[PDB]
Each structure stands twice: as structure tokens, then as C-alpha cells.
Amino acid sequence: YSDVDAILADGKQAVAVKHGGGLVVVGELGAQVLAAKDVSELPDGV
Amino acid sequence: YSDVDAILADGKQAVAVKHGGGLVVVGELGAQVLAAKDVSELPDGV
Amino acid sequence: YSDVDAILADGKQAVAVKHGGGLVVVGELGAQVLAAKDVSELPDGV
Amino acid sequence: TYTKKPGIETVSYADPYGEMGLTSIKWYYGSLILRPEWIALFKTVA
Amino acid sequence: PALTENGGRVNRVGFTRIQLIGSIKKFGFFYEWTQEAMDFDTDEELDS
């Protein structure tokens, strides 16, 4: 991906990074994977 | 999940998004999977 | 990890968390999973 | 000491509604022992 | 409450009160915008 606009157009979302720099980008399937509290809470990850 | 207390009470954490949108909620595996360099540091679950 | 430099020295990136605690750690693999939209865009390992 | 009370300050994309405060204490400490032979220490068990 | 000539413990009454409870909640909303959306807009009083 080239610019931040390309992210939003794709629908992928991105957050800022404080200690180290960068724009960490969040995907669609990433979020529920990222939000899981237990092994049953993954969205068909593994 | 209705309110920002619901994530907090559940223990799930939430990160403020910059580029566009609201909040991204993080669970403890979702954080621990998130903090993995190579295949070794993913959970037993993945 | 003991100090904030450990994450930087290790190579992992660090995002500050607003609502609850703070300092979730992101690795390149975890980010790439986190940056996934559909089952195709997750890494090989998962 | 750095204190940012909730209000017009501490509003951002993180939280448009200022409802958070902050108070950070930072300092700098260091010591030099000029004459260690003038420092005496005995260890024992009570 | 009819009383005889004698008197005594003949007519005890009681009084009660009631409590009313109200609560206060919080509400709010927000909106964001970019500088480009205010500069290169077809109008000129969009913010207004």
C-alpha cells in the first residue's frame, strides 16, 4: 500500500503508533482475531 | 457490546483508531498473537 | 520485556492504549495477521 | 510535575469528550561514591 | 372509631411515607472533519 487513502479505500483501517513510529494497519479478519478472549472466539483462524 | 464499560468490565481492552472509525477491541490472546515474531510465539490455539 | 527499549531493540513495535491500560506490543507476524481481510491474507503459519 | 485536568485540554481523536486527567512525576537521580573505604557495611542474621 | 365511656386501648392508627428515586445518565455525540473537505468544497459556509 502506498498512501493512507489506499488503506481507507480498501476498507482496511489503521491506528497510530507511539513508541517506535509507524501506522499499524488493522484488517477485517484481523480485528476479531485481535479481539478474541478464548480459543473458541477466533473467527475460523485455526 | 453496548458501552465502553462493557469492554472494560469484560477485561477486553480497546485502542483508539486514528485514520477513520471508532475503537478496536483487543483480547489477551488477540494481543498475544499480535505480539508474535515468527511461528513459535503464537498460542497453542493457532 | 523489562524496559520500553527492549521492544524497540527486539524489533517489535509498540502501540499505546487509551481507554484501559496501555502499551500493546506488535510483532511483524502479528501485524500481518492483524492486517488480514479474508482467509487468503493471513500468513502461511496460521 | 505535569498535570492535565479534564476539560478543554486532553481532548483529541482518542476522546473528543474530555473526561480523563493525568499527573506525571519525573526526576533524575545519580550518585558518586568518592571514598568507598569510608563506607562500612556489616551483614548478619537476626 | 367509636369509643365507649371507659376508654383504653381501642383505636391505634398508623402513618406511612414513600420514597421516590431518580437517576442521571450521560449522553453525547461527536463529528470530525478534515481541512481539505473545508477548503476544496463546493460551498463556503459548510462549517456554519
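Results, tabulated for the structure shown:
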item: Residue in the range A:7-14 that is surrounded by 14 or more Cβ atoms within 10 Å (Cβ to Cβ), over 26 Å from B:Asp10 (Cβ atoms) and more than 9 Å from chain C (Cβ to nearest Cβ) present; result: yes
item: Residue within the range D:5-14 that is of a type in the set (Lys, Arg) and surrounded by 10 or more Cβ atoms within 10 Å (Cβ to Cβ) present; result: yes
item: Residues that are under 12 Å from C:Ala36 (Cα atoms) and not in a strand (DSSP E or B), drawn from the range A:8-39; result: A:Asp10, A:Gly11, A:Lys12, A:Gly27, A:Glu28, A:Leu29, A:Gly30, A:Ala31, A:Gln32, A:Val33, A:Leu34
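Ideal geometry is used to build each Cβ from the backbone, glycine not excepted, and the neighbour counts take in all protein chains shown. Read-outs throughout are calculated quantities, based only on the coordinates presented, and are distinct from any laboratory measurement.
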